[PDB]
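Visitor: Requesting a structural model of the entry that follows:
(4 chains)
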Amino acid sequence: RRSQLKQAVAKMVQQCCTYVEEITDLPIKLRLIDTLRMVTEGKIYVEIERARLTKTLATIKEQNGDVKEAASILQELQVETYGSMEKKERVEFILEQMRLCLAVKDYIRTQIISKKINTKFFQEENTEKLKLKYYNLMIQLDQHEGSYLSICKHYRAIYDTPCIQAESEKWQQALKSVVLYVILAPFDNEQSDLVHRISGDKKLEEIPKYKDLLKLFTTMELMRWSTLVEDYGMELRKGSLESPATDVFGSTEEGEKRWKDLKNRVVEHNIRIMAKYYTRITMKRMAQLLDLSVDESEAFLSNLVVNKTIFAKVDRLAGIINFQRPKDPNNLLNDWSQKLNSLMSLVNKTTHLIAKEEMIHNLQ
Amino acid sequence: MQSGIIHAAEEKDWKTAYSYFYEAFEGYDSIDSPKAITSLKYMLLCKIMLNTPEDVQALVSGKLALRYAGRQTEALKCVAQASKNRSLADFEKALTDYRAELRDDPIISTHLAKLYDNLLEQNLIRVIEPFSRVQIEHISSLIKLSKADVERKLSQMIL
Amino acid sequence: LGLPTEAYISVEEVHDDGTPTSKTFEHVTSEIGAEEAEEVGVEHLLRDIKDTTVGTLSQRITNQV
Amino acid sequence: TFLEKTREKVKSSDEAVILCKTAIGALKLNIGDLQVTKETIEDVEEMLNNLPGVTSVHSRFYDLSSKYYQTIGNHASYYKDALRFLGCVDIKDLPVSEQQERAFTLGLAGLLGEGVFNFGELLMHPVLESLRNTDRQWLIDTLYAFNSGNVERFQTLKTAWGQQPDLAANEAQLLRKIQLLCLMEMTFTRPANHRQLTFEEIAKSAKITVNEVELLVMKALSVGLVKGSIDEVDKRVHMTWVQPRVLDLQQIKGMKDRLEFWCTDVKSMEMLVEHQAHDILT
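Guide: Numbers count the residues shown, from 1 in each chain, chains lettered A, B, ... in the order given. Structure data below:
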């Protein structure tokens, strides 16, 4: 093997590189079935396995792949990650076949082989597009089921690598993708400062629309849904930013999932602060501030307090619902005793403050 | 297996009867595939009978049972999914779809009626939960069930 | 009837109304801290009165009278 | 080019950058405020090295901020820093016709902005109030009308809309401003026994309809000028905390007298202590 296998067996697949474009598929799959036998014992196994990769890629490309031969790559994917320490070409091989798994429509296979590379970062410093390919395959694994918050750090990471900074109109649809998840994510403490992680940005606020969108959900009660859709359900075509908004519009089943979830976040944004600032409101009043049926209003508060994320005690005889109204057996005197210590700290605040104020008028 | 059959035929100690079908399946593993795939049914019916629905999906997602994919293990994920969301109508559609293997076995035909009563009250404390005083005419309208029997079944709860 | 040890702090202000250069002391809270070595000597030099044995009436006089 | 000659050749113990950046911004009066005049006021903000009353550049840095914040900005950054521009001299040794125009320029800024809720300390600011005594009554009168908190007196000066620029563009939130100051007063006016006003009284004291007063108070809770709760079926609100205002030598008479019989109540209950628990401790 001593510096003589390198020019021997890689020259055998240097031939096969020339015949996979020239010779017909009949003798060369006899060439392959006669060359996969030697793969185990003596072949490319010194460290140069990333030429064995293009010939086990060449098994797929003779038929240009199908469903099953895409899954025939699985025997050699994870193996030569241990084969030779290398930062880029090994990753370029193993991030490929997950797009084939998407053509298999298999997500449980995809995230297991995605689990190998999320720790294998820090190779982006030489590649201006390959790290960008790792992200574009990792939308659809997260886009599909409900994961509107695993895409959070994802979409700031395609506000990352400095190719993106200098394609101003392709940079605009990066601003589309960096704003249409913070709303669409379910509520969390992570969303509650994600609105701050995207704010404080000098170049995000160039779009006059989207500075106001995150303004609405930092601030107070929202105009209902119909008085908002006439002011923001039209800019989704305009500008030079239509394609993630077309990604809202285009697949209408993706649209119906994104119409109603945008409806879901704004019908909820009432119910947070209506619990915060109201004590007791009628059933008829709240259903009018949601612009839908009173039965549909009761279905909204049913699956939120069985989530117990908003506590409520509704009624269906007098329509009298109320917010944050427990029995309070002990909290009367307990909150009263707190008001003493706030008061007694306050009478001590002015007491040592007056005596110095006399010392700057009548001192000597 | 039949140490667990007759001990579950009287419904005394489901936990120990669960332990028989576990060992009955570990013996059947990778040597008898007809008898192994029926053994998943008796452990997960007992686990629904144990009223731990999430642990059903926890087992079959484990790599030991990931080999034994089939129709009847999907017949148990859905019924567990029906009892997970704690609804009556969720349970009804799961029966009709997989009826040829769910409602075919001689002991399942004995255990569905007792499984129905637990799940009848389970949605019943779910929909009654979010409020105060309410009418009975809506809860009959939200379960799609009658009023007289529901009023008796509500009266058994306070007793 | 209190603790006759006062301390301030230095704060300055280019602020509201008084002078372009304004500076006024503000009292930070003050107490007599103890230490294990000195409590031998402190409690030795008193020998006069010390209303210890905290029962139902130490609180009655240290904070209710 | 001559400035950066003077910027580099002044290396004295006197700070060069405080006068040169204010010389940059004074030279940016010609054109442009987005890139250089911004970086005058953004860069030099903390270089005040332990010298309050830097009266050479105390006014010059603040006059640069006045011309820049009256230029494109909200209204109110002009309205804040000019208090320290006009807060450094007592004999102003310049014609008062300028200062009554500068105060009228300052009087327009504390009106159109949103974050301005004082109208008690600028009103009791005794260098610019009597300065426009008999010239422009209608500005001083509508300052009173906000503290009067009424829809009626603001309508009286609707015949006197002096200075038609910057007026109708903000007219929607001028009408919003009076409806918001109306609740601060009556919450302060009512005693601490109830302070529980109804929505019909708001519809009386602000002549605004029923379907908007709930939107009015949630704005008041969000800004933070009031802290209370909101009922909807009994049509009342339990206001608890209100914003502290200013007061004259007449409201201290109430605070003198409500304090005074509270003194002897501390005397009276402690009189039981040293007389009944007397033998417990000598």
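
Visitor: can you pull out the helices in chain B?
Guide: B:2-8, B:14-27, B:33-49, B:54-60, B:63-66, B:71-85, B:88-97, B:99-102, B:108-127, B:136-143, B:148-158 (DSSP state H).

Visitor: can the longest one be found next to chain A?
Guide: Yes. Counting by C-beta under 8 Å from any C-beta of the partner chain, chain A has neighbours in helix B:108-127: B:126, B:127. Just so you know, the C-beta spots here come from the backbone N, C-alpha and C atoms, and that holds for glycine as well.

Visitor: From the contact counts, what lies against that helix?
Guide: Here helix B:108-127 touches helix B:33-49, helix B:71-85, helix B:88-97, helix B:136-143, helix B:148-158, going by 3 or more C-beta pairs under 8 Å, 6 or more residues apart in numbering or on different chains; DSSP states H and E.

Visitor: So which of those helices is nearest chain D?
Guide: Of all the helices and strands packed on helix B:108-127, helix B:136-143 sits nearest to chain D, with 21.2 Å by C-beta to the nearest C-beta.

Visitor: ok so, going back, of the helices and strands packed on helix B:108-127, which is nearest residue C:15?
Guide: Smallest distance to residue C:15 across the helices and strands packed on helix B:108-127 (C-beta to C-beta): 62.0 Å, for helix B:71-85.

Visitor: and of the helices of chain B, who's closest to residue D:16?
Guide: The nearest among the helices of chain B, by C-beta to C-beta, is helix B:54-60 at 71.5 Å.

Visitor: how about the helices and strands packed on helix B:108-127, which one is nearest chain A?
Guide: helix B:136-143 (6.3 Å).

Visitor: That closest one: how far from the chain's middle?
Guide: 24 Å (C-alpha atoms, centre = their mean, to the nearest Å).

Visitor: Which parts of it count as buried, going by neighbours?
Guide: Buried residues in helix B:136-143, counting neighbours by 16 or more other C-beta atoms under 10 Å in any protein chain shown, are found at B:139, B:140, B:143.

Visitor: could these go into TSV alongside distance to residue A:26?
Guide: Converted to TSV, the buried residues of helix B:136-143 look like this (distance: C-beta to C-beta, whole Å):
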residue	distance to residue A:26
B:139	72
B:140	72
B:143	67
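
Visitor: so which residue of the stretch 51-200 of chain A comes closest to chain B?
Guide: Closest to chain B within the stretch 51-200 of chain A is residue A:108: 9.1 Å, counting by C-beta to the nearest C-beta.

Visitor: Three-state assignment for that residue, please.
Guide: Assigned by DSSP: H, G, I helix; E, B strand; the rest coil, the conformation of residue A:108 is helix.

Visitor: quick one: it and chain C, what's the gap?
Guide: The gap separating residue A:108 from chain C is 62 Å, by C-beta to the nearest C-beta, to the nearest Å.

Visitor: for residue A:138, same thing?
Guide: In terms of C-beta to the nearest C-beta, residue A:138 sits 53 Å off from chain C.

Visitor: picking that back up, need the contact list for the residue of the stretch 51-200 of chain A closest to chain B.
Guide: Listed by C-beta atoms under 8 Å, 6 or more residues apart in numbering or on different chains, residue A:108 has no contact partners.

Visitor: Over to the residue of the stretch 201-350 of chain A found nearest chain C: give its phi and psi.
Guide: Relative to chain C, the nearest point of the stretch 201-350 of chain A is residue A:348 (8.4 Å; C-beta to the nearest C-beta). When quoted as degrees, to the nearest 10, the phi and psi of residue A:348 stand at phi -80, psi -20.

Visitor: OK, contacts around whichever residue of chain B sits closest to chain D?
Guide: Proximity of chain B to chain D (C-beta to the nearest C-beta) peaks at residue B:132, 14.1 Å away. Neighbouring residues of residue B:132 by C-beta under 8 Å, 6+ apart: A:313, A:314, A:315.

Visitor: ok, and the closest non-adjacent residue to the last one?
Guide: I take that to be residue A:315. Leaving aside its sequence neighbours, residue A:315 sits nearest to residue B:132 (C-beta to C-beta, 6 or more residues apart in numbering or on different chains; 5.4 Å).

Visitor: do residue A:10 as well
Guide: Going by C-beta to C-beta, 6+ apart, residue A:10 has residue A:51 as its nearest residue, at 5.6 Å.

Visitor: State the distance from the spatially most central residue of chain A to residue A:165.
Guide: Geometric centre of chain A, nearest residue: residue A:151, 0.6 Å, by C-alpha atoms, centre = their mean. From residue A:151 across to residue A:165, the span is 21 Å (C-beta to C-beta, to the nearest Å).

Visitor: The nearest residue to residue A:179 once chain neighbours are set aside: neighbour count?
Guide: Once flanking residues are discounted, residue A:179 sits nearest to residue A:210: 5.1 Å by C-beta to C-beta, 6+ apart. As a burial measure, residue A:210 scores 21 neighbours (other C-beta atoms under 10 Å in any protein chain shown).

Visitor: So residue A:210 belongs to a strand, correct?
Guide: No. Looking at residue A:210 with three-state DSSP, it is helix, so not inside a strand.

Visitor: Pull the contacting residues for it.
Guide: Here residue A:210 is in contact with A:175, A:179, A:204 (criterion: C-beta under 8 Å, 6+ apart).

Visitor: Among those residues, pick out the one closest to residue A:226, please.
Guide: Of the contacts of residue A:210, the one sitting nearest to residue A:226 (C-beta to C-beta) turns out to be residue A:179, at 21.8 Å.

Visitor: close enough to count as contact, that closest one and residue A:214?
Guide: Yes. Between residue A:179 and residue A:214 there is a contact under C-beta atoms under 8 Å: 6.9 Å.

Visitor: which residues are in contact with both of those two?
Guide: What both residue A:179 and residue A:214 touch, as defined by C-beta under 8 Å, 6+ apart, is the set residue A:198.

Visitor: burial count for whatever residue of chain C ends up closest to chain A?
Guide: With C-beta to the nearest C-beta as the measure, residue C:27 is the residue of chain C nearest to chain A, at 4.4 Å. Neighbour count for residue C:27, taken as other C-beta under 10 Å: 14.
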